[PDB]
Structure formats: C-alpha cells, structure tokens
C-alpha cells in the first residue's frame, strides 16, 4: 500500500473575484478535466475539478456579502466513471449543477438536481433558471462546502473531484479571537481507490455481480481503500506549537469517520454545520458522516516536535485497517512560531438555539425505507416515495416544524435538509420487527437528548438504525422548490431524495 505521510497537505488557494465592488462580488468557476498527482509514488490522476483543481478553490465570504458565482461546465462530453443508465429515464451523458451545501440560497441558485446543465449550458434540465448563482449569505458564520448535485450522477461527479470549501465569516465573531488566517485550515476528507496507473477506481458493479444486473450498475455503498485530505493521500501538515482552527469537512461518498488523535489529545469543537455552538466542547473523538462539518480547535502548544496522527476507528464495509483507513493525516509540530499565539479558545461562543420560542406548526413523521427493483437491487426511499412522485414535504415559509425520522434499516443515514439549519431534539430506540410487521412504533427505551456537539445548529444529521430522530426546523427565509435527502451519495442517486416545497400561502 502507498506510504503514509510523505506528501505535504495542500491548502487550497482562496478564490479571487472576477469583479468586486461594495455592492457585489462576482466569481467565475469552470469545471475542467485535469490531471493531478495524489501521492508521491503515483502517476498523475485524471480528475474533474472546479477551476481544474481538486479540491476546488476555497471561497471566502463575509456574512451578508452579495455574492454571485457563475458555475460553468467545460467538461468532456463523456464521463470517465461508470454510468448506470437504468436508474433514471438525447439528454447529455454529462450533466452538472453546483450545490452550496448549507447555503441560505434562493431556490434557483440552490443547485436543484434537475437544474443541471451540460458544457456551455448547451442543454439544461427542466428546473434550470439561471447561469450565475446568487448567494446573499444572510446567515450565521459557518463552514459550508460546494459540490455537484446533478440528477442520477451525484455519486460520480463528486467522486471525480467536484468538491470545494466555502467559508462564511461573520465580522461579529472576530472579537472571539479564534485562530485565523494561516491558523485556520479547511480539511476536506475524501476516501478513494486508486489504480496502480494512478487512475481513479470506482466500481462498475457490486463485488459478486448477479447476471441479472445491468452493466454498469450502481452500488449501494462505496468504501475507498485510501484516505485523502485536501486532495493528497495520507498527507502530513507541519504546524506551529500553538492553537489552530480546522474546518473539518467529510466530502466522501459513503464513508463515515470517527476521529481522534493518536497521542490521546483532545479536540475543542467550536462549531457544527450551522455555525458556532453555544459553548465550546472538549472532545477526545467525534463521528463525522458524509456532509457533516466540525469546526474545531487543536492546541499543539504542549506538543512541539511531535508527530500526531489524526486517526479513524470507524469501519467501512468492515473493521478499520491499522495500516490504511485507520489513518487520515499526520500533524508534525515542527514549524517555528511566526508570531505570538494571540488566538483564544473561548468557552462562550454563541446564543443558544433554545433561546428561540417558535410555535410548532406541524409534526412530520418520515420513514427511511425502500424497495427492490427488477434487477434485484435495493432502491432506497424516503417514505417509500420516489424522487419523481408528487411532492409531500410542503412546509409553510416562516413556520417551524418537528420532523420525526424513523430508521428501521440496518444502517445510519446522514439526512440533509436544504436551505435550513435545524435543532436536534432527541433520539429514541424502537422495536424494528414490530414496526416492520405492523407499522406500529413501540419504543424500547427513553428519549436521549443530543450530545453537546449537537446542541447547536445542524443541517446534516445521523439517523441511526432502530431509532426515531426528532429535529426542529424553521423553514425560511425563502419560499421555493428545494430538496431533502440522505447524503450517502450511492443512496441519494437511487433514490433516497425527495423534493421539498417551502410554500408561500
């Protein structure tokens, strides 16, 4: 296997605007097929990248900054990854659309799966409205990320490399003196399988392919043999002996991580998907499912000279391998101090979400289920509805709802709601057999409130097997057509995604 910790961690450059005034910031990003070396000992890898980069450029904006991004497709007309033609039914093979994950975004700028476009916008999906996306950023400072969201192609386009970080800075938070600038570093974690010739491997069929299956065939999960951070296999980062802020983004298709430091040191979590937690939380380890973000401080002050591995204990299709996927990256505390560490790790970060006293307009009960197709494949479904079925999740703008998510399946699903961030209420175990047999919900234990990590704002939430998860969301400020889905991309594409109409009656 590839030698761990021989390549320095890339830090994506921050994107520069094409045009910028005090009223408007205008960006252009072009999707390009390019080649990049992912490891010292590999031939360069063919990839799809925003501005030809993997990950894409980091975009930095201020809260309320009036931002526009013209996301353009200049990709080849044929994919290099295996397309399953059976999962969706002239129309180009390669379709793309950029979704700003966590963006408080008007619906036609949200990257609707059917708002896709081919090269130079030559063909467009039935929900396409505009070339230049509008991000008003009227929302909390937070770690967002952008990625492809095209109908039936998301797992492939993202795996190809179409991911990048987007950071909203709220000037009100500068007073907290969190590590900033060089000491504030995104970590986009993506697992990959890479061939000896350096080409990406993505399976064209399940491991034991029934002759019933089409070819290629979608698979229900993907687990990469190797872990990359910021587009390099098992990299090292030289750090100064002081506090750093890391924006930890899980940009992987399926894989969930459970992260810790191999010296037993702590993380300080300061933020979740929707922004700063009310209070900082000291943690030894944390779970990170696809699309989840952890805003953390790591204090290297007392660890000068040391090599510390960011370790992973979560398996993917099996137990972790100590030599491979148990490793993420390596910090080397050997960079001389550029100046005094004037950063802080404050306890008091933000207003509590519980300060809000909104009326519960509606309680939605939603089940995570599915069926089997003509080929014997699992088709994962939200409420046993297909994507194309008439919309059922129709919250009213400006109203608050409780969603009760029932998971009678064998695994966890990271459920993502577009537009909004929500509060986690509780989780409660139930009798799976009883529910499967009769549709009756019989709890086998008391409700458990969220851990401190989940006492802030979330947008992607782990709904564990055999539990009912309750969340509360205020739907707004925009009305329109959005989506909610499982963020396991292999699930999302077949067919664990539903329209969400935020209505203005």
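Residue numbers count along the first chain shown, from 1. Each form is matched to the other, and the largest set of C-alpha atoms that superpose within 1.5 Å is called the rigid core.
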- Message: Using the rigid core for superposition, please say which stretch has the greater CA deviation in 7 other deposited structures of this protein, 269-277 or 368-376.
- Response: 368-376
- Message: Compared with other deposited entries of this protein, is residue 191 missing coordinates in at least a third of those that cover its neighbours?
- Response: no
- Query: Is residue 207 unbuilt in at least a third of the other PDB entries compared?
  - Reply: no
- From residue 89 to residue 90, how many deposited residues does the entry skip: none, 1 to 3, 4 to 9, or 10 or more? 4 to 9
- Query: Mean C-alpha B factor from the entry: is it higher for 360-368 or for 266-274?
  - Reply: 360-368
- Could you check the entry and say whether 180-188 or 421-429 has the higher mean CA B-factor? 421-429
- Task: By the entry's C-alpha temperature factors, tell me which of 323, 295, 114, 238 sits highest.
- Result: 323
- Message: Per the entry's Cα B factor values, which of 135, 300, 352, 331 stands out as the maximum?
- Response: 352
- Ranked against its chain, the third holding the CA B-factor of residue 495: middle
- Message: How does the C-alpha B factor of residue 8 compare with the rest of the chain: lowest, middle or highest third?
- Response: lowest
- Would the CA B-factor of residue 215 place it in the lowest, middle or highest third of its chain? highest
- Please place residue 48 in the lowest, middle or highest third of its chain by C-alpha B factor as given in the entry. lowest
- Message: What third of the chain does residue 60 rank in for C-alpha temperature factor, lowest, middle or highest?
- Response: lowest
